[PDB]
$ cat entry.txt   # compact mmCIF, N, CA and C atoms and all ligand atoms
# COMPACT_ATOMS: atom_id res chain seq x y z
N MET U 1 -4.11 -8.09 23.80
CA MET U 1 -4.75 -7.41 22.65
C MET U 1 -3.76 -6.46 21.95
N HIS U 2 -3.67 -6.52 20.62
CA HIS U 2 -2.80 -5.60 19.85
C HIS U 2 -3.47 -4.23 19.67
N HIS U 3 -2.70 -3.14 19.79
CA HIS U 3 -3.25 -1.79 19.53
C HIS U 3 -2.49 -1.16 18.36
N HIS U 4 -3.17 -0.36 17.54
CA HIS U 4 -2.47 0.35 16.42
C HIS U 4 -1.70 1.54 17.00
N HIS U 5 -0.61 1.94 16.35
CA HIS U 5 0.24 3.04 16.90
C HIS U 5 0.31 4.26 15.96
N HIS U 6 -0.19 4.15 14.73
CA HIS U 6 -0.30 5.32 13.80
C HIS U 6 1.04 6.04 13.52
N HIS U 7 2.14 5.31 13.48
CA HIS U 7 3.47 5.90 13.21
C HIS U 7 3.50 6.60 11.85
N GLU U 8 3.11 5.90 10.79
CA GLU U 8 3.20 6.47 9.42
C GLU U 8 2.28 7.69 9.29
N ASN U 9 1.18 7.74 10.03
CA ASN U 9 0.22 8.88 10.03
C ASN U 9 0.84 10.09 10.74
N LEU U 10 1.48 9.86 11.88
CA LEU U 10 2.04 10.97 12.70
C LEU U 10 3.35 11.53 12.12
N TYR U 11 4.21 10.69 11.55
CA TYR U 11 5.54 11.14 11.06
C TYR U 11 5.69 10.97 9.54
N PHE U 12 4.67 11.36 8.77
CA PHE U 12 4.64 11.15 7.30
C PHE U 12 5.53 12.10 6.47
N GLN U 13 5.94 13.24 7.01
CA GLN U 13 6.64 14.27 6.20
C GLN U 13 8.03 13.83 5.71
N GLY U 14 8.24 13.77 4.39
CA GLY U 14 9.53 13.40 3.79
C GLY U 14 9.85 11.93 3.93
N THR U 15 8.89 11.13 4.40
CA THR U 15 9.14 9.70 4.72
C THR U 15 8.84 8.77 3.54
N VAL U 16 9.84 8.02 3.09
CA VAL U 16 9.65 7.03 1.98
C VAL U 16 9.57 5.64 2.62
N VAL U 17 8.41 5.00 2.52
CA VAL U 17 8.22 3.63 3.08
C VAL U 17 8.56 2.58 2.02
N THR U 18 9.36 1.59 2.38
CA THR U 18 9.63 0.44 1.47
C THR U 18 8.98 -0.80 2.10
N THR U 19 8.06 -1.45 1.39
CA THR U 19 7.34 -2.60 1.97
C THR U 19 8.04 -3.92 1.59
N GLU U 20 7.58 -5.07 2.14
CA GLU U 20 8.20 -6.38 1.93
C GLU U 20 8.13 -6.79 0.46
N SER U 21 7.16 -6.25 -0.30
CA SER U 21 7.02 -6.53 -1.72
C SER U 21 8.04 -5.76 -2.55
N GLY U 22 8.63 -4.69 -1.98
CA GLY U 22 9.55 -3.88 -2.76
C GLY U 22 8.91 -2.58 -3.29
N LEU U 23 7.62 -2.45 -3.05
CA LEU U 23 6.92 -1.19 -3.38
C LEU U 23 7.44 -0.08 -2.48
N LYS U 24 7.56 1.13 -3.02
CA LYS U 24 7.94 2.30 -2.20
C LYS U 24 6.84 3.36 -2.33
N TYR U 25 6.58 4.10 -1.26
CA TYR U 25 5.58 5.19 -1.32
C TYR U 25 5.96 6.32 -0.35
N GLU U 26 5.41 7.51 -0.57
CA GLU U 26 5.65 8.68 0.30
C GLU U 26 4.35 9.48 0.28
N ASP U 27 3.82 9.80 1.45
CA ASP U 27 2.61 10.65 1.54
C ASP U 27 3.03 12.12 1.38
N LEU U 28 2.68 12.76 0.26
CA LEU U 28 3.02 14.18 0.00
C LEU U 28 2.06 15.06 0.82
N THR U 29 0.82 14.62 0.96
CA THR U 29 -0.16 15.32 1.83
C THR U 29 -0.92 14.25 2.62
N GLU U 30 -1.04 14.40 3.94
CA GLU U 30 -1.85 13.45 4.76
C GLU U 30 -3.33 13.82 4.68
N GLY U 31 -4.17 12.82 4.42
CA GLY U 31 -5.60 13.07 4.30
C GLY U 31 -6.26 13.24 5.65
N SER U 32 -7.37 13.97 5.69
CA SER U 32 -8.16 14.16 6.91
C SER U 32 -9.29 13.15 7.09
N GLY U 33 -9.75 12.54 5.99
CA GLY U 33 -10.97 11.71 6.04
C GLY U 33 -10.82 10.22 6.24
N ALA U 34 -11.80 9.45 5.77
CA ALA U 34 -11.84 7.98 6.01
C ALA U 34 -10.69 7.21 5.36
N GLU U 35 -10.38 6.03 5.89
CA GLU U 35 -9.23 5.23 5.39
C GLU U 35 -9.67 4.23 4.31
N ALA U 36 -8.87 4.09 3.26
CA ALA U 36 -9.14 3.10 2.20
C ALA U 36 -8.80 1.68 2.69
N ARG U 37 -9.76 0.76 2.59
CA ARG U 37 -9.57 -0.64 3.03
C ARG U 37 -10.04 -1.60 1.93
N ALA U 38 -9.49 -2.81 1.92
CA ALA U 38 -9.84 -3.80 0.88
C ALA U 38 -11.35 -4.10 0.87
N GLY U 39 -11.94 -4.22 -0.33
CA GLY U 39 -13.37 -4.51 -0.47
C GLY U 39 -14.18 -3.29 -0.85
N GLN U 40 -13.60 -2.11 -0.67
CA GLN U 40 -14.33 -0.84 -0.95
C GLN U 40 -14.18 -0.41 -2.41
N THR U 41 -15.17 0.32 -2.92
CA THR U 41 -15.05 0.90 -4.28
C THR U 41 -14.46 2.31 -4.09
N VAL U 42 -13.22 2.52 -4.51
CA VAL U 42 -12.53 3.82 -4.25
C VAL U 42 -12.46 4.67 -5.53
N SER U 43 -12.46 6.00 -5.38
CA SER U 43 -12.37 6.96 -6.52
C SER U 43 -11.14 7.86 -6.34
N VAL U 44 -10.40 8.12 -7.43
CA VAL U 44 -9.10 8.85 -7.31
C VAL U 44 -8.77 9.72 -8.52
N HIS U 45 -7.83 10.66 -8.37
CA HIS U 45 -7.26 11.38 -9.53
C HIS U 45 -5.81 10.90 -9.59
N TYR U 46 -5.16 10.94 -10.75
CA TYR U 46 -3.78 10.41 -10.84
C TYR U 46 -2.98 10.94 -12.02
N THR U 47 -1.65 10.80 -11.95
CA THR U 47 -0.75 11.11 -13.09
C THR U 47 0.33 10.03 -13.06
N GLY U 48 0.68 9.48 -14.22
CA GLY U 48 1.71 8.42 -14.28
C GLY U 48 2.89 8.82 -15.15
N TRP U 49 4.10 8.52 -14.70
CA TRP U 49 5.32 8.86 -15.48
C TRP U 49 6.34 7.72 -15.52
N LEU U 50 7.19 7.72 -16.54
CA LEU U 50 8.35 6.79 -16.57
C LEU U 50 9.41 7.48 -15.71
N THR U 51 10.46 6.78 -15.30
CA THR U 51 11.47 7.35 -14.35
C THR U 51 12.13 8.57 -14.99
N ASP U 52 12.28 8.57 -16.30
CA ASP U 52 12.92 9.66 -17.04
C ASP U 52 12.01 10.87 -17.28
N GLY U 53 10.76 10.86 -16.81
CA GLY U 53 9.92 12.06 -16.91
C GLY U 53 8.85 12.04 -17.99
N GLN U 54 8.89 11.07 -18.89
CA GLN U 54 7.83 10.93 -19.92
C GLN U 54 6.49 10.55 -19.27
N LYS U 55 5.47 11.41 -19.42
CA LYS U 55 4.12 11.09 -18.90
C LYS U 55 3.43 10.14 -19.87
N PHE U 56 2.71 9.15 -19.35
CA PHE U 56 2.05 8.14 -20.22
C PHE U 56 0.52 8.20 -20.06
N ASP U 57 0.03 8.76 -18.95
CA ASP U 57 -1.44 8.87 -18.72
C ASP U 57 -1.76 9.79 -17.53
N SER U 58 -3.00 10.29 -17.48
CA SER U 58 -3.47 11.15 -16.36
C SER U 58 -5.01 11.09 -16.25
N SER U 59 -5.52 11.37 -15.05
CA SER U 59 -6.98 11.52 -14.86
C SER U 59 -7.36 12.94 -15.29
N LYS U 60 -7.41 13.19 -16.60
CA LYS U 60 -7.73 14.53 -17.15
C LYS U 60 -9.22 14.85 -16.97
N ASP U 61 -9.55 16.12 -16.73
CA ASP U 61 -10.96 16.59 -16.59
C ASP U 61 -11.98 15.57 -17.11
N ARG U 62 -12.30 15.62 -18.41
CA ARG U 62 -13.35 14.72 -18.96
C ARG U 62 -14.52 14.66 -17.98
N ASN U 63 -14.82 13.46 -17.48
CA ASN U 63 -15.92 13.28 -16.50
C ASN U 63 -15.37 12.41 -15.38
N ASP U 64 -14.05 12.38 -15.22
CA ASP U 64 -13.41 11.48 -14.22
C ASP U 64 -13.92 11.82 -12.82
N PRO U 65 -13.85 10.92 -11.83
CA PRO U 65 -12.59 10.30 -11.44
C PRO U 65 -12.40 8.84 -11.87
N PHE U 66 -11.26 8.25 -11.52
CA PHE U 66 -11.00 6.82 -11.80
C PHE U 66 -11.44 5.99 -10.58
N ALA U 67 -12.21 4.93 -10.79
CA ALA U 67 -12.72 4.14 -9.64
C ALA U 67 -12.46 2.64 -9.81
N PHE U 68 -12.20 1.96 -8.69
CA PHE U 68 -11.89 0.50 -8.71
C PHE U 68 -12.18 -0.17 -7.35
N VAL U 69 -12.35 -1.49 -7.36
CA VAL U 69 -12.63 -2.27 -6.12
C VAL U 69 -11.30 -2.67 -5.47
N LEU U 70 -10.95 -2.04 -4.35
CA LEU U 70 -9.64 -2.26 -3.70
C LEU U 70 -9.41 -3.74 -3.33
N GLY U 71 -8.29 -4.30 -3.79
CA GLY U 71 -7.92 -5.69 -3.49
C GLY U 71 -8.56 -6.67 -4.45
N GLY U 72 -9.21 -6.17 -5.50
CA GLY U 72 -9.98 -7.05 -6.36
C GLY U 72 -9.33 -7.45 -7.69
N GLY U 73 -8.09 -7.00 -7.95
CA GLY U 73 -7.33 -7.35 -9.12
C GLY U 73 -7.77 -6.63 -10.39
N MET U 74 -8.44 -5.49 -10.25
CA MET U 74 -8.88 -4.71 -11.43
C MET U 74 -7.71 -3.87 -11.96
N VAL U 75 -6.67 -3.68 -11.15
CA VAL U 75 -5.54 -2.80 -11.52
C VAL U 75 -4.21 -3.50 -11.22
N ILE U 76 -3.10 -2.85 -11.57
CA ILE U 76 -1.74 -3.39 -11.30
C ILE U 76 -1.56 -3.63 -9.79
N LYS U 77 -0.71 -4.58 -9.42
CA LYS U 77 -0.55 -4.99 -8.00
C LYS U 77 -0.08 -3.84 -7.10
N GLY U 78 0.76 -2.95 -7.61
CA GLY U 78 1.28 -1.81 -6.83
C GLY U 78 0.18 -0.86 -6.42
N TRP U 79 -0.88 -0.78 -7.23
CA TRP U 79 -2.05 0.06 -6.88
C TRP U 79 -2.94 -0.64 -5.84
N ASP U 80 -3.21 -1.94 -6.02
CA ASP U 80 -4.01 -2.71 -5.03
C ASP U 80 -3.35 -2.65 -3.64
N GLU U 81 -2.02 -2.68 -3.58
CA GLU U 81 -1.29 -2.55 -2.30
C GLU U 81 -1.14 -1.08 -1.89
N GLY U 82 -0.63 -0.21 -2.77
CA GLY U 82 -0.30 1.19 -2.44
C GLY U 82 -1.44 2.09 -1.98
N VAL U 83 -2.64 1.89 -2.51
CA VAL U 83 -3.78 2.79 -2.15
C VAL U 83 -4.34 2.44 -0.75
N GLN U 84 -4.16 1.20 -0.31
CA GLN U 84 -4.67 0.78 1.01
C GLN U 84 -3.97 1.59 2.11
N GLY U 85 -4.75 2.22 2.98
CA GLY U 85 -4.19 2.99 4.07
C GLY U 85 -4.12 4.50 3.81
N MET U 86 -4.29 4.94 2.55
CA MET U 86 -4.52 6.34 2.23
C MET U 86 -5.78 6.81 2.95
N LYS U 87 -5.88 8.13 3.21
CA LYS U 87 -7.09 8.73 3.85
C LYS U 87 -7.69 9.78 2.89
N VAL U 88 -9.01 9.99 2.93
CA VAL U 88 -9.65 10.93 1.94
C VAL U 88 -8.98 12.30 2.03
N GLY U 89 -8.57 12.86 0.89
CA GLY U 89 -7.86 14.15 0.84
C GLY U 89 -6.37 13.97 0.61
N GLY U 90 -5.84 12.79 0.89
CA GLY U 90 -4.41 12.49 0.72
C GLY U 90 -3.91 12.41 -0.73
N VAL U 91 -2.63 12.81 -0.94
CA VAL U 91 -1.84 12.61 -2.14
C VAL U 91 -0.63 11.72 -1.80
N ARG U 92 -0.42 10.64 -2.58
CA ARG U 92 0.59 9.62 -2.29
C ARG U 92 1.32 9.37 -3.60
N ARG U 93 2.65 9.34 -3.53
CA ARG U 93 3.49 9.03 -4.71
C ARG U 93 3.90 7.56 -4.63
N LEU U 94 3.59 6.79 -5.66
CA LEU U 94 3.98 5.36 -5.70
C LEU U 94 5.15 5.14 -6.66
N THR U 95 6.22 4.50 -6.18
CA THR U 95 7.33 4.09 -7.08
C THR U 95 7.17 2.57 -7.23
N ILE U 96 6.72 2.09 -8.39
CA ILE U 96 6.36 0.65 -8.55
C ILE U 96 7.41 -0.12 -9.36
N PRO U 97 8.01 -1.18 -8.78
CA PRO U 97 8.96 -2.02 -9.52
C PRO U 97 8.24 -2.80 -10.63
N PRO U 98 8.92 -3.21 -11.72
CA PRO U 98 8.24 -3.90 -12.84
C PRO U 98 7.35 -5.10 -12.46
N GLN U 99 7.74 -5.89 -11.45
CA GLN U 99 6.96 -7.09 -11.03
C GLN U 99 5.58 -6.69 -10.47
N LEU U 100 5.45 -5.45 -10.00
CA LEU U 100 4.17 -4.98 -9.41
C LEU U 100 3.46 -4.07 -10.42
N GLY U 101 4.04 -3.94 -11.62
CA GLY U 101 3.42 -3.14 -12.69
C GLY U 101 3.05 -4.01 -13.89
N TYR U 102 3.60 -3.72 -15.08
CA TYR U 102 3.24 -4.43 -16.34
C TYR U 102 4.33 -5.44 -16.72
N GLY U 103 5.37 -5.56 -15.91
CA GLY U 103 6.40 -6.59 -16.11
C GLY U 103 7.07 -6.58 -17.47
N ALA U 104 7.17 -7.74 -18.10
CA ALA U 104 7.91 -7.84 -19.38
C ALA U 104 6.98 -7.58 -20.57
N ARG U 105 5.67 -7.69 -20.37
CA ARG U 105 4.70 -7.41 -21.45
C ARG U 105 4.66 -5.93 -21.79
N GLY U 106 4.85 -5.05 -20.80
CA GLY U 106 4.66 -3.62 -21.08
C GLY U 106 3.19 -3.34 -21.32
N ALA U 107 2.86 -2.16 -21.85
CA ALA U 107 1.44 -1.78 -22.07
C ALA U 107 1.28 -0.90 -23.30
N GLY U 108 0.52 -1.37 -24.29
CA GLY U 108 0.17 -0.54 -25.47
C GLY U 108 1.31 -0.10 -26.37
N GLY U 109 2.53 -0.53 -26.10
CA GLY U 109 3.64 0.00 -26.91
C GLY U 109 4.06 1.39 -26.43
N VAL U 110 3.52 1.85 -25.30
CA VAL U 110 3.92 3.16 -24.70
C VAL U 110 4.80 2.91 -23.46
N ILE U 111 4.38 1.98 -22.59
CA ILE U 111 5.22 1.60 -21.41
C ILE U 111 6.08 0.40 -21.83
N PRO U 112 7.42 0.51 -21.82
CA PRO U 112 8.25 -0.60 -22.30
C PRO U 112 8.39 -1.79 -21.34
N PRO U 113 8.88 -2.96 -21.79
CA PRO U 113 9.17 -4.05 -20.86
C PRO U 113 10.09 -3.61 -19.71
N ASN U 114 9.85 -4.18 -18.53
CA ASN U 114 10.72 -4.05 -17.36
C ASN U 114 10.83 -2.60 -16.87
N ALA U 115 9.74 -1.80 -17.02
CA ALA U 115 9.76 -0.40 -16.58
C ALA U 115 9.31 -0.23 -15.12
N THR U 116 10.09 0.56 -14.35
CA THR U 116 9.66 1.17 -13.08
C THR U 116 8.73 2.34 -13.36
N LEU U 117 7.59 2.45 -12.62
CA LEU U 117 6.57 3.47 -12.87
C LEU U 117 6.46 4.37 -11.65
N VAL U 118 6.26 5.66 -11.90
CA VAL U 118 6.05 6.63 -10.78
C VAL U 118 4.63 7.21 -10.95
N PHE U 119 3.81 7.13 -9.91
CA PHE U 119 2.47 7.74 -9.96
C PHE U 119 2.23 8.66 -8.76
N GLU U 120 1.47 9.74 -8.94
CA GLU U 120 1.01 10.59 -7.82
C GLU U 120 -0.51 10.40 -7.76
N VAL U 121 -1.05 9.89 -6.65
CA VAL U 121 -2.50 9.54 -6.58
C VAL U 121 -3.23 10.38 -5.52
N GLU U 122 -4.37 10.99 -5.86
CA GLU U 122 -5.18 11.73 -4.86
C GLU U 122 -6.48 10.97 -4.55
N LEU U 123 -6.74 10.68 -3.27
CA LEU U 123 -7.95 9.91 -2.86
C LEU U 123 -9.15 10.84 -2.66
N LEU U 124 -10.21 10.61 -3.41
CA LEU U 124 -11.41 11.49 -3.36
C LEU U 124 -12.54 10.84 -2.55
N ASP U 125 -12.70 9.51 -2.61
CA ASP U 125 -13.85 8.83 -1.95
C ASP U 125 -13.54 7.36 -1.63
N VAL U 126 -14.24 6.78 -0.66
CA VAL U 126 -14.03 5.36 -0.24
C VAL U 126 -15.39 4.66 -0.11
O1 LIG Z 1 -4.20 -2.36 -16.74
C1 LIG Z 1 -5.15 -2.29 -15.96
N1 LIG Z 1 -5.70 -3.36 -15.40
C2 LIG Z 1 -5.34 -4.71 -15.80
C3 LIG Z 1 -4.37 -5.39 -14.87
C4 LIG Z 1 -4.78 -6.06 -13.74
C5 LIG Z 1 -3.85 -6.67 -12.92
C6 LIG Z 1 -2.53 -6.58 -13.25
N2 LIG Z 1 -2.10 -5.94 -14.33
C7 LIG Z 1 -3.02 -5.36 -15.11
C8 LIG Z 1 -5.75 -0.93 -15.60
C9 LIG Z 1 -6.88 -0.55 -16.57
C10 LIG Z 1 -6.45 0.28 -17.76
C11 LIG Z 1 -5.78 -0.29 -18.83
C12 LIG Z 1 -5.39 0.47 -19.92
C13 LIG Z 1 -5.69 1.79 -19.93
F1 LIG Z 1 -5.31 2.54 -21.00
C14 LIG Z 1 -6.36 2.41 -18.90
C15 LIG Z 1 -6.74 1.64 -17.82
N3 LIG Z 1 -4.73 0.10 -15.50
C16 LIG Z 1 -3.91 0.18 -14.45
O2 LIG Z 1 -3.81 -0.74 -13.64
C17 LIG Z 1 -3.08 1.47 -14.28
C18 LIG Z 1 -3.16 1.99 -12.85
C19 LIG Z 1 -4.50 2.67 -12.60
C20 LIG Z 1 -4.71 3.80 -13.59
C21 LIG Z 1 -4.60 3.31 -15.02
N4 LIG Z 1 -3.33 2.59 -15.20
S1 LIG Z 1 -2.25 3.03 -16.29
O3 LIG Z 1 -2.31 4.46 -16.43
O4 LIG Z 1 -1.00 2.40 -15.99
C22 LIG Z 1 -2.79 2.34 -17.84
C23 LIG Z 1 -2.00 2.85 -19.01
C24 LIG Z 1 -0.84 2.21 -19.41
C25 LIG Z 1 -0.11 2.67 -20.50
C26 LIG Z 1 -0.56 3.78 -21.15
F2 LIG Z 1 0.16 4.24 -22.21
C27 LIG Z 1 -1.69 4.45 -20.79
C28 LIG Z 1 -2.41 3.97 -19.71
$ encode --input "entry.txt" --output "structure tokens" --more "lines below"
Ligand SMILES: O=C(NCc1cccnc1)[C@H](Cc1ccc(F)cc1)NC(=O)[C@@H]1CCCCN1S(=O)(=O)Cc1ccc(F)cc1
Amino acid sequence: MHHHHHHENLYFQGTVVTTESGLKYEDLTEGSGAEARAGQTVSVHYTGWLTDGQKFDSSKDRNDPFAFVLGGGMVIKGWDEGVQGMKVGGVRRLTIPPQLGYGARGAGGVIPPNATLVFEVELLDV
């Protein structure tokens, strides 16, 4: 029988994980609550930037939070992969390569073709 070892949970400080897809992430704060898993409707706060510091979007007050079905293709691939394994209360920084973001199409004329994206995401509910 396989057992989980919780390495990334125990030694998260200053740790940048690079996955087989090429996505990179770092837990800035480890969450205390439940774990995000595929199939769940999750709610989050977020800020997105280009590598050079230009902000392109944020979960501003309004009536947010932002919510989506994990693993269901409602968002960019780096988010469907990156949010899985976060715990409620956690803040996670995602560095997303263009293939896991908007690729060569870009978005709205604000995010250019072939852009790497940086996001800081806070998990509120699962
Ligand atoms: O595109 C989406 N899904 C389609 C899809 C599915 C599979 C693969 N590829 C695409 C969603 C839905 C959305 C579209 C447009 C919006 F304006 C707002 C939401 N978005 C996102 O996935 C990311 C990540 C989660 C927070 C929102 N953003 S985001 O901040 O980058 C958007 C943005 C981009 C450029 C801007 F100038 C401003 C906002």
$ closest_residue --input "entry.txt" --among "U:15, U:1, U:56, U:7" --to "residue 110 (chain U)" --atoms "all atoms listed in the file"
U:56
$ residues_around --input "entry.txt" --residues "residue 70 (chain U)" --least-positions-apart "4" --cutoff "6 Å" --atoms "only N, CA and C atoms" --output "ChimeraX atom specification"
/U:37-42,80
$ residues_near_ligand --input "entry.txt" --ligand "ligand LIG 1 (chain Z)" --cutoff "7 Å" --atoms "only N, CA and C atoms and all ligand atoms" --output "VMD selection string"
chain U and resid 48 56 to 58 73 to 77 79 101 to 102 106 to 111
$ closest_residue --input "entry.txt" --among "U:126, U:83, U:94, U:118" --to "residue 53 (chain U)" --atoms "only C-alpha atoms"
U:118
$ select_by_dssp --input "entry.txt" --residues "chain U" --states "strand (DSSP E)" --output "ChimeraX atom specification"
/U:17-18,24-29,41-50,55-58,66-69,91-96,117-125
$ atom_distance --input "entry.txt" --atom1 "atom C of residue 5 (chain U)" --atom2 "atom C of residue 25 (chain U)"
17.4 Å
$ closest_residue --input "entry.txt" --among "U:54, U:95, U:21, U:43" --to "residue 67 (chain U)" --atoms "all atoms listed in the file"
U:43
$ closest_residue --input "entry.txt" --among "U:86, U:50, U:69, U:17" --to "residue 117 (chain U)" --atoms "all atoms listed in the file"
U:50
$ residues_near_point --input "entry.txt" --point "(-14.6, 9.8, -0.9)" --cutoff "6 Å" --atoms "only N, CA and C atoms" --output "MDAnalysis selection string"
chainID U and resid 88 123:126
$ write_last_selection --input "entry.txt" --atoms "N, CA and C atoms" --output "short mmCIF file (atom, residue, chain, number, x, y, z; two decimals), keeping the file's coordinate frame"
data_model
loop_
_atom_site.label_atom_id
_atom_site.label_comp_id
_atom_site.auth_asym_id
_atom_site.auth_seq_id
_atom_site.Cartn_x
_atom_site.Cartn_y
_atom_site.Cartn_z
N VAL U 88 -9.01 9.99 2.93
CA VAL U 88 -9.65 10.93 1.94
C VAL U 88 -8.98 12.30 2.03
N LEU U 123 -6.74 10.68 -3.27
CA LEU U 123 -7.95 9.91 -2.86
C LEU U 123 -9.15 10.84 -2.66
N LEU U 124 -10.21 10.61 -3.41
CA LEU U 124 -11.41 11.49 -3.36
C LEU U 124 -12.54 10.84 -2.55
N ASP U 125 -12.70 9.51 -2.61
CA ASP U 125 -13.85 8.83 -1.95
C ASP U 125 -13.54 7.36 -1.63
N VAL U 126 -14.24 6.78 -0.66
CA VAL U 126 -14.03 5.36 -0.24
C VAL U 126 -15.39 4.66 -0.11
#
$ atom_distance --input "entry.txt" --atom1 "CA of residue 120 (chain U)" --atom2 "CA of residue 64 (chain U)"
15.8 Å
$ atom_distance --input "entry.txt" --atom1 "CA of residue 4 (chain U)" --atom2 "CA of residue 35 (chain U)"
13.8 Å
$ select_by_dssp --input "entry.txt" --residues "chain U" --states "alpha helix (DSSP H)" --output "list in words"
residues 7, 8, 9, 10, 77, 78, 79, 80, 81 and 82 of chain U
$ closest_residue --input "entry.txt" --among "U:27, U:116, U:81, U:71" --to "residue 93 (chain U)" --atoms "only C-alpha atoms"
U:27
$ closest_residue --input "entry.txt" --among "U:104, U:34, U:113, U:16" --to "residue 85 (chain U)" --atoms "only N, CA and C atoms"
U:34
$ decode --input "entry.txt" --residues "region 31-44 of chain U" --atoms "N, CA, C and O atoms" --output "PDB file, in the first residue's frame"
ATOM      1  N   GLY U  31      -1.839  26.898   3.874  1.00  0.00           N
ATOM      2  CA  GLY U  31      -3.202  26.969   4.408  1.00  0.00           C
ATOM      3  C   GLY U  31      -3.417  25.988   5.537  1.00  0.00           C
ATOM      4  O   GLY U  31      -2.724  24.968   5.550  1.00  0.00           O
ATOM      5  N   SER U  32      -4.348  26.289   6.432  1.00  0.00           N
ATOM      6  CA  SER U  32      -4.728  25.409   7.538  1.00  0.00           C
ATOM      7  C   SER U  32      -5.889  24.465   7.220  1.00  0.00           C
ATOM      8  O   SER U  32      -6.091  23.509   7.965  1.00  0.00           O
ATOM      9  N   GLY U  33      -6.723  24.825   6.237  1.00  0.00           N
ATOM     10  CA  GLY U  33      -7.979  24.088   6.004  1.00  0.00           C
ATOM     11  C   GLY U  33      -7.986  22.980   4.974  1.00  0.00           C
ATOM     12  O   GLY U  33      -6.928  22.413   4.716  1.00  0.00           O
ATOM     13  N   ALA U  34      -9.159  22.700   4.405  1.00  0.00           N
ATOM     14  CA  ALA U  34      -9.335  21.556   3.478  1.00  0.00           C
ATOM     15  C   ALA U  34      -8.536  21.689   2.173  1.00  0.00           C
ATOM     16  O   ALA U  34      -8.213  22.819   1.800  1.00  0.00           O
ATOM     17  N   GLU U  35      -8.256  20.558   1.519  1.00  0.00           N
ATOM     18  CA  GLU U  35      -7.425  20.552   0.292  1.00  0.00           C
ATOM     19  C   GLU U  35      -8.286  20.650  -0.968  1.00  0.00           C
ATOM     20  O   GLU U  35      -9.331  19.977  -1.020  1.00  0.00           O
ATOM     21  N   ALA U  36      -7.845  21.441  -1.944  1.00  0.00           N
ATOM     22  CA  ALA U  36      -8.542  21.545  -3.241  1.00  0.00           C
ATOM     23  C   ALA U  36      -8.277  20.297  -4.091  1.00  0.00           C
ATOM     24  O   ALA U  36      -7.112  19.944  -4.280  1.00  0.00           O
ATOM     25  N   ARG U  37      -9.341  19.649  -4.560  1.00  0.00           N
ATOM     26  CA  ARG U  37      -9.237  18.424  -5.387  1.00  0.00           C
ATOM     27  C   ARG U  37     -10.127  18.560  -6.630  1.00  0.00           C
ATOM     28  O   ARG U  37     -11.115  19.300  -6.579  1.00  0.00           O
ATOM     29  N   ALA U  38      -9.782  17.840  -7.693  1.00  0.00           N
ATOM     30  CA  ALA U  38     -10.549  17.922  -8.957  1.00  0.00           C
ATOM     31  C   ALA U  38     -12.023  17.545  -8.748  1.00  0.00           C
ATOM     32  O   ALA U  38     -12.280  16.593  -7.996  1.00  0.00           O
ATOM     33  N   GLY U  39     -12.940  18.286  -9.386  1.00  0.00           N
ATOM     34  CA  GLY U  39     -14.384  18.013  -9.274  1.00  0.00           C
ATOM     35  C   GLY U  39     -15.087  18.992  -8.358  1.00  0.00           C
ATOM     36  O   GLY U  39     -16.317  19.079  -8.419  1.00  0.00           O
ATOM     37  N   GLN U  40     -14.319  19.709  -7.539  1.00  0.00           N
ATOM     38  CA  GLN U  40     -14.913  20.647  -6.555  1.00  0.00           C
ATOM     39  C   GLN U  40     -15.132  22.033  -7.157  1.00  0.00           C
ATOM     40  O   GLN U  40     -14.380  22.399  -8.062  1.00  0.00           O
ATOM     41  N   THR U  41     -16.113  22.767  -6.637  1.00  0.00           N
ATOM     42  CA  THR U  41     -16.303  24.180  -7.057  1.00  0.00           C
ATOM     43  C   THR U  41     -15.496  25.029  -6.065  1.00  0.00           C
ATOM     44  O   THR U  41     -15.871  25.064  -4.896  1.00  0.00           O
ATOM     45  N   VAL U  42     -14.411  25.643  -6.524  1.00  0.00           N
ATOM     46  CA  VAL U  42     -13.507  26.392  -5.603  1.00  0.00           C
ATOM     47  C   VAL U  42     -13.680  27.909  -5.762  1.00  0.00           C
ATOM     48  O   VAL U  42     -14.016  28.328  -6.859  1.00  0.00           O
ATOM     49  N   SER U  43     -13.453  28.668  -4.686  1.00  0.00           N
ATOM     50  CA  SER U  43     -13.560  30.152  -4.683  1.00  0.00           C
ATOM     51  C   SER U  43     -12.222  30.775  -4.262  1.00  0.00           C
ATOM     52  O   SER U  43     -11.647  30.297  -3.268  1.00  0.00           O
ATOM     53  N   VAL U  44     -11.788  31.844  -4.947  1.00  0.00           N
ATOM     54  CA  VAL U  44     -10.427  32.406  -4.706  1.00  0.00           C
ATOM     55  C   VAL U  44     -10.337  33.920  -4.884  1.00  0.00           C
ATOM     56  O   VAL U  44     -11.258  34.498  -5.471  1.00  0.00           O
TER      57      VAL U  44
END
